[PDB]
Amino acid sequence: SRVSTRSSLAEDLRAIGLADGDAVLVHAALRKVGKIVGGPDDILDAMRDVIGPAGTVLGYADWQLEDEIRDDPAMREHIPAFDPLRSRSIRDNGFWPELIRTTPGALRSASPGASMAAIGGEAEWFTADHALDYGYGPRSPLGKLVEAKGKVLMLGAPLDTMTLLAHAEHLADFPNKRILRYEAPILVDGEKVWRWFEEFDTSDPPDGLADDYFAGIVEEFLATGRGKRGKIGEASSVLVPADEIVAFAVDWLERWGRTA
């Protein structure tokens, strides 16, 4: 029965630990926030108020081409190329990355399935030079979030949607990492070309693990007393430092893979 404002959301964000100059990747379930006077745009505006102009807000866009269409040779010349300026975010990830992507000023990185939207003082740097292959590795917004000592805010989102952990999956040395190869269309100086891609499998976990095991790792991280929980509006939310939870998740995975 409580309605949120740009001002009250800024206090909530400061209360969970958002600070001046932060860079924050956000995963959101916006319905959990509850009634907002100015719609969910008040959340992004509140965040920009807190972190200031030097800060950056990010979201995981991906794109909408499903595998079964991509793999259907009949529709091959009817599939539109991925275009960081025009391709819309995968709807599976909710409105939040679309909200960012279509805010004037936002930029969107180049590696389609891993592509990120960002707005703020380092939006250019965070989206620049996104490797097409292994796009969850060091040459990616996720690696740059670790380098920048950014944060990840789960805004009512289930903890297994923390995509930053796919970057730990990339770094961790464990046996039998599944490698995925696929063909997708992209623009090379404004013209459509089909390109072969390669990356570590993000869609399914390492064999032996439950499909939602990212959530277990996050809770085990919060159990050490690092990170913070809080209400953003009415959404139960989590804020964690990106570098710490990736080091935690790397050795969680490296230790598990040794037992096999």
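The first residue of the shown sequence is 1; numbering continues from there.
Pick between 36-44 and 202-210: the one whose mean CA B-factor in the entry is higher. Averaged over C-alpha atoms, the B-factors run higher in 202-210.
Item to check | Stretch with the greater mean C-alpha B-factor as recorded in the entry, comparing 21-29 against 243-251 | outcome: Comparing 21-29 with 243-251, the higher mean C-alpha B-factor belongs to 243-251.
| field | Per the PDB entry, maximal CA B factor within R88, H130, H167, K177 | value | Top of the list by C-alpha B-factor: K177.
Exercise. State the tercile, meaning the lowest, middle or highest third, of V188 with respect to the CA B-factors recorded for its chain.
Key: Highest third - that is where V188 ends up once the chain's C-alpha B-factors are sorted.
Item to complete: Could you tell me which third, lowest, middle or highest, the C-alpha B-factor of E147 occupies within its chain?
Response: According to the entry, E147 has a C-alpha B-factor in the chain's lowest third.
**Report entry** Modelled-residue ranking by C-alpha temperature factor, third containing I79
**Finding:** Highest third of the chain for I79's C-alpha B-factor.
(request) Determine, from the deposited record, the chain-internal third of the Cα B-factor for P73: lowest, middle or highest. (result) Answer is highest: the recorded C-alpha B-factor places it there.
Thinking about Cα B factors across the chain, which third does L65 belong to? Answer is highest: the recorded C-alpha B-factor places it there.
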